[PDB]
>>> print(open('work.pdb').read())   # PDB, C-alpha atoms
ATOM      1  CA  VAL I   1       4.023  60.370 -74.463
ATOM      2  CA  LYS I   2       2.782  58.218 -71.579
ATOM      3  CA  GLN I   3       3.518  54.507 -71.244
ATOM      4  CA  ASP I   4       4.197  51.842 -68.630
ATOM      5  CA  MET I   5       7.805  52.546 -67.645
ATOM      6  CA  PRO I   6       9.900  51.868 -64.532
ATOM      7  CA  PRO I   7      10.706  55.023 -62.537
ATOM      8  CA  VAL I   8      13.754  57.236 -62.970
ATOM      9  CA  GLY I   9      15.702  55.591 -60.158
ATOM     10  CA  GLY I  10      14.478  52.111 -61.054
ATOM     11  CA  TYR I  11      12.980  49.515 -58.762
ATOM     12  CA  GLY I  12      14.480  48.479 -55.452
ATOM     13  CA  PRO I  13      16.459  45.370 -54.614
ATOM     14  CA  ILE I  14      14.407  42.178 -54.327
ATOM     15  CA  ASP I  15      15.484  39.284 -52.116
ATOM     16  CA  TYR I  16      15.832  36.009 -54.012
ATOM     17  CA  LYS I  17      18.110  33.807 -51.861
ATOM     18  CA  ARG I  18      17.114  31.333 -49.172
ATOM     19  CA  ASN I  19      16.905  32.620 -45.586
ATOM     20  CA  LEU I  20      16.531  29.995 -42.912
ATOM     21  CA  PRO I  21      16.673  31.443 -39.377
ATOM     22  CA  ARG I  22      18.435  28.601 -37.472
ATOM     23  CA  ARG I  23      16.868  28.586 -34.026
ATOM     24  CA  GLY I  24      16.262  26.717 -30.754
ATOM     25  CA  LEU I  25      18.576  25.570 -27.981
ATOM     26  CA  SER I  26      21.623  23.362 -28.321
ATOM     27  CA  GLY I  27      20.934  19.651 -27.898
ATOM     28  CA  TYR I  28      22.797  19.563 -24.584
ATOM     29  CA  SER I  29      20.253  22.064 -23.239
ATOM     30  CA  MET I  30      17.159  19.997 -24.053
ATOM     31  CA  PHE I  31      18.919  16.833 -22.856
ATOM     32  CA  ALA I  32      19.697  18.533 -19.530
ATOM     33  CA  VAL I  33      16.122  19.855 -19.266
ATOM     34  CA  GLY I  34      14.681  16.390 -19.898
ATOM     35  CA  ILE I  35      17.061  14.749 -17.421
ATOM     36  CA  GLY I  36      16.231  17.335 -14.751
ATOM     37  CA  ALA I  37      12.499  16.873 -15.316
ATOM     38  CA  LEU I  38      13.015  13.103 -15.046
ATOM     39  CA  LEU I  39      14.869  13.498 -11.740
ATOM     40  CA  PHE I  40      12.249  15.879 -10.313
ATOM     41  CA  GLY I  41       9.419  13.531 -11.277
ATOM     42  CA  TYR I  42      11.303  10.567  -9.807
ATOM     43  CA  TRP I  43      11.817  12.384  -6.494
ATOM     44  CA  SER I  44       8.185  13.522  -6.229
ATOM     45  CA  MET I  45       6.858  10.062  -7.133
ATOM     46  CA  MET I  46       9.229   8.525  -4.563
ATOM     47  CA  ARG I  47       7.944  10.768  -1.765
ATOM     48  CA  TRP I  48       4.272  10.317  -2.634
ATOM     49  CA  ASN I  49       4.585   6.535  -3.036
ATOM     50  CA  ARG I  50       6.228   6.256   0.388
ATOM     51  CA  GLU I  51       3.397   8.320   1.897
ATOM     52  CA  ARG I  52       0.839   6.127   0.104
ATOM     53  CA  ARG I  53       2.491   2.999   1.523
ATOM     54  CA  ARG I  54       2.264   4.497   5.021
ATOM     55  CA  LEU I  55      -1.439   5.276   4.539
ATOM     56  CA  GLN I  56      -2.103   1.764   3.204
ATOM     57  CA  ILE I  57      -0.348   0.260   6.242
ATOM     58  CA  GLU I  58      -2.521   2.423   8.519
ATOM     59  CA  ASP I  59      -5.715   1.300   6.754
ATOM     60  CA  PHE I  60      -4.646  -2.365   6.888
ATOM     61  CA  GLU I  61      -3.933  -2.183  10.620
ATOM     62  CA  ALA I  62      -7.355  -0.580  11.145
ATOM     63  CA  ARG I  63      -8.861  -3.522   9.239
ATOM     64  CA  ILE I  64      -6.895  -5.985  11.390
ATOM     65  CA  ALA I  65      -8.168  -4.279  14.549
ATOM     66  CA  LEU I  66     -11.742  -4.408  13.220
ATOM     67  CA  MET I  67     -11.648  -8.103  12.170
ATOM     68  CA  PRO I  68     -12.682 -10.069  15.348
ATOM     69  CA  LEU I  69     -16.136  -8.498  15.784
ATOM     70  CA  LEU I  70     -16.958  -9.146  12.119
TER
ATOM     71  CA  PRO K   1     -22.895 -41.286   7.389
ATOM     72  CA  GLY K   2     -22.321 -38.972  10.343
ATOM     73  CA  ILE K   3     -24.756 -36.552  11.948
ATOM     74  CA  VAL K   4     -24.348 -32.824  12.566
ATOM     75  CA  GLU K   5     -24.748 -31.292  16.028
ATOM     76  CA  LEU K   6     -25.931 -27.698  15.624
ATOM     77  CA  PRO K   7     -26.350 -25.255  18.528
ATOM     78  CA  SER K   8     -29.786 -24.083  19.581
ATOM     79  CA  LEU K   9     -31.087 -20.745  18.328
ATOM     80  CA  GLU K  10     -31.474 -19.516  21.925
ATOM     81  CA  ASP K  11     -27.708 -19.652  22.515
ATOM     82  CA  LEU K  12     -27.096 -17.630  19.343
ATOM     83  CA  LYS K  13     -29.657 -15.005  20.417
ATOM     84  CA  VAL K  14     -27.387 -12.168  21.578
ATOM     85  CA  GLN K  15     -27.692  -8.403  21.103
ATOM     86  CA  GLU K  16     -25.427  -6.878  18.469
ATOM     87  CA  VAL K  17     -23.286  -3.811  17.796
ATOM     88  CA  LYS K  18     -25.821  -2.260  15.419
ATOM     89  CA  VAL K  19     -23.553   0.325  13.797
ATOM     90  CA  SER K  20     -22.272   1.040  10.289
ATOM     91  CA  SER K  21     -18.964   0.545   8.489
ATOM     92  CA  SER K  22     -17.755   4.136   8.867
ATOM     93  CA  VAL K  23     -18.523   4.226  12.599
ATOM     94  CA  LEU K  24     -16.543   1.006  13.062
ATOM     95  CA  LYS K  25     -13.678   2.391  10.971
ATOM     96  CA  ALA K  26     -13.565   5.734  12.814
ATOM     97  CA  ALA K  27     -13.049   4.100  16.227
ATOM     98  CA  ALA K  28     -11.067   1.155  14.833
ATOM     99  CA  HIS K  29      -7.632   2.075  16.220
ATOM    100  CA  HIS K  30      -8.911   2.796  19.732
ATOM    101  CA  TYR K  31     -11.029  -0.373  19.738
ATOM    102  CA  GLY K  32      -7.976  -2.387  18.709
ATOM    103  CA  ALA K  33      -5.907  -0.681  21.402
ATOM    104  CA  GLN K  34      -8.268  -0.886  24.381
ATOM    105  CA  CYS K  35     -10.027  -4.192  23.634
ATOM    106  CA  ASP K  36      -7.086  -6.367  22.570
ATOM    107  CA  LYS K  37      -7.455  -9.120  25.193
ATOM    108  CA  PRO K  38     -10.932 -10.584  24.405
ATOM    109  CA  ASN K  39     -10.411 -10.171  20.652
ATOM    110  CA  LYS K  40      -7.064 -11.974  20.800
ATOM    111  CA  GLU K  41      -8.577 -14.700  23.004
ATOM    112  CA  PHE K  42     -11.379 -15.232  20.476
ATOM    113  CA  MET K  43      -8.980 -15.236  17.518
ATOM    114  CA  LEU K  44      -6.661 -17.754  19.200
ATOM    115  CA  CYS K  45      -9.437 -20.147  20.223
ATOM    116  CA  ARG K  46     -11.022 -19.900  16.762
ATOM    117  CA  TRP K  47      -7.662 -20.598  15.106
ATOM    118  CA  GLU K  48      -6.879 -23.576  17.334
ATOM    119  CA  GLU K  49     -10.385 -25.086  17.546
ATOM    120  CA  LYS K  50     -11.580 -24.597  13.922
ATOM    121  CA  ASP K  51     -15.194 -25.141  14.988
ATOM    122  CA  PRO K  52     -17.767 -22.332  15.367
ATOM    123  CA  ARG K  53     -20.110 -24.529  17.422
ATOM    124  CA  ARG K  54     -17.519 -24.514  20.236
ATOM    125  CA  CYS K  55     -16.409 -20.893  19.723
ATOM    126  CA  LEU K  56     -19.420 -18.935  20.999
ATOM    127  CA  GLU K  57     -18.503 -17.697  24.494
TER
END
>>> encode(input="work.pdb", output="structure tokens")
Amino acid sequence: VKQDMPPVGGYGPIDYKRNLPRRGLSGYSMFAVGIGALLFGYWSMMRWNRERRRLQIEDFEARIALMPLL
Amino acid sequence: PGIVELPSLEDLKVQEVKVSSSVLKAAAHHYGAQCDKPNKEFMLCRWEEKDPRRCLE
């Protein structure tokens, strides 16, 4: 006879339990990365703001030199 | 009440530095360096006189 039957060795194991990976860095790592990015941005903004102040002083002194003719 | 005493238009008729803003800005530092004495004289007499009818020379 022929009928719907599982095979001679049966069917294989089937996973039925939860599997969460558990991934990412430790919280100290992202805190250190954020703090380092903050410090780098602070340093770059400091340098560029000082340069901008120097350029503004230069432009203002050019204006002061140009004033009497106007 | 009072009367105003305005200067004649002949005294104000003087040739001008007919240039632009960028030309004045390009040579601004050297103009302020070389020509400090008449500019400072004019600024001082304008500040202490406060009257443009006496501040023309």
>>> resolve_selection(input="work.pdb", expression="the ChimeraX specification (/I :<6) & /K", output="ChimeraX atom specification")
/K:28-29,32,39
>>> write_last_selection(input="work.pdb", atoms="C-alpha atoms", output="mmCIF file, in the frame of the given file")
data_model
loop_
_atom_site.group_PDB
_atom_site.id
_atom_site.type_symbol
_atom_site.label_atom_id
_atom_site.label_comp_id
_atom_site.auth_asym_id
_atom_site.auth_seq_id
_atom_site.Cartn_x
_atom_site.Cartn_y
_atom_site.Cartn_z
ATOM 1 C CA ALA K 28 -11.067 1.155 14.833
ATOM 2 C CA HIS K 29 -7.632 2.075 16.220
ATOM 3 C CA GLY K 32 -7.976 -2.387 18.709
ATOM 4 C CA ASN K 39 -10.411 -10.171 20.652
#
>>> atom_distance(input="work.pdb", atom1="atom CA of residue 40 of chain I", atom2="atom CA of residue 56 of chain I")
24.2 Å
>>> atom_distance(input="work.pdb", atom1="atom CA of residue 34 of chain I", atom2="atom CA of residue 21 of chain I")
24.7 Å
>>> atom_distance(input="work.pdb", atom1="atom CA of residue 32 of chain I", atom2="atom CA of residue 47 of chain I")
22.7 Å
